[PDB]
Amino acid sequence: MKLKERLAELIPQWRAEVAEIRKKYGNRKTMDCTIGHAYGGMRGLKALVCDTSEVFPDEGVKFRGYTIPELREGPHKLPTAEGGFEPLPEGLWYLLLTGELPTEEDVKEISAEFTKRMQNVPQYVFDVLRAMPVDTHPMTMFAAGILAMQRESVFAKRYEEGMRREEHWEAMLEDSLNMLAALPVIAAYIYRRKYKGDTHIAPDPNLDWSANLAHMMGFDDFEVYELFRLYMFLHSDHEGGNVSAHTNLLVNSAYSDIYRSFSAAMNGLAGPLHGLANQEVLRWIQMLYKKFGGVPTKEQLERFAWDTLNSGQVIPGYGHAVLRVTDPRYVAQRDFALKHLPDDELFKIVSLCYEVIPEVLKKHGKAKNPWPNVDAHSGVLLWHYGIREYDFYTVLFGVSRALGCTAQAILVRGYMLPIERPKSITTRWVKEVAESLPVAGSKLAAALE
């Protein structure tokens, strides 16, 4: 497989480069660490490495240095399905791993690997899934199904047999191919059992990875296939620092295989502070529709927005802290909606918010960002095509985020980064010593530097 031969050349080089960097720049200061970081969830602390993606405040997320527009339409467009427009996640995965753009044949090899492997989900995984009570939350089922498949881990098997550190990335890759192929099968099983009367649809060996998820959930529509391709592409990766990506890296750092690291990550994604944002946006849009007996006018939405902001509250999906521009993942979703469901009533509200809410936020004066993120837009797209089971939205997010998690996990085992092991501090120590400590950026801090 091309992906593998290429990595066999790039990874030895990256490994050497990283060893040199740690040697010659290890002592370079990036910032001050504060009491505030320790009690404030490490916010802003430059404590991890991720090379798959990178957020620029003035551009949004890039994938190995390419913008979403370059990959989606521009001059570096990734391969699509036959007759499709939307980029295939398979090709994006090639890019995240290698840092190089795939050829059509590269993508097809990855698609065939996925299609083949998607037939290899162990029967006992479904036994595990069926032993869980059907009212179990779908993210609990998703994580459990993944973890049960740890029995099939090549990394775990090869590690116990004795393999060189240099082979770690090979085993991580094999495991990632198996796990990624399995994810849509597990996800669809959960969907069909909980919400569609426990009737089950087999993978179509002539569909790509994203489309097969839609197929197996029971949604056979070209538009739905295209939405799922775009959705999986957009949500694939967002740096290393979010709870689920970080959980993945942390468990990975102890040499736990991808079934263990990624199921752990899904337990983090299942958290209400990490995995529900898209659902909350959608329920808000729906609350506006019902409040206004239909699409609100520009004046009604303005007033409702002022009422919300003046009463200390925020508007879901808008005004997050980092970007100074619209999330490029939002823009691609809007472009999809304009093309494919412009008259859908909930979309009309999301569209009006894109006009109105940024104008209101500029005027209100708090947010150095008046613009939306990805979660502002995704829910109405799912809901339009009949995917209405809110709890399950987090599972779709999880399937997508597996692309970036698997890439990250393969790369860091290629780099041979060590176990993650920060130092914790006690409140006792803090209370004793805090007076003694300089204010960060102060003249005293400069003195004690």
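Numbering starts at 1 and runs along the sequence shown.
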| item | value |
| --- | --- |
| Between 358 to 366 and 104 to 112 (mean CA B-factor, as deposited), the higher | 358 to 366 |
| Per the entry, higher mean C-alpha B factor between 191 to 199 and 307 to 315 | 307 to 315 |
| C-alpha B-factor winner, where the candidates are 376, 149, 173, 323 | 323 |
| Top residue by Cα temperature factor, when 272, 293, 122, 89 are compared in the entry | 293 |
| Relative C-alpha B-factor of residue 204, binned into the chain's lowest, middle or highest third | highest |
| Position of residue 284 among the chain's modelled residues by C-alpha B-factor, lowest, middle or highest third | middle |
| Lowest, middle or highest third - CA B-factor, residue 246 | lowest |
| Third of the chain's Cα B-factor distribution that residue 300 belongs to, per the entry | highest |
| B-factor third for the C-alpha atom of residue 390 within its chain | middle |
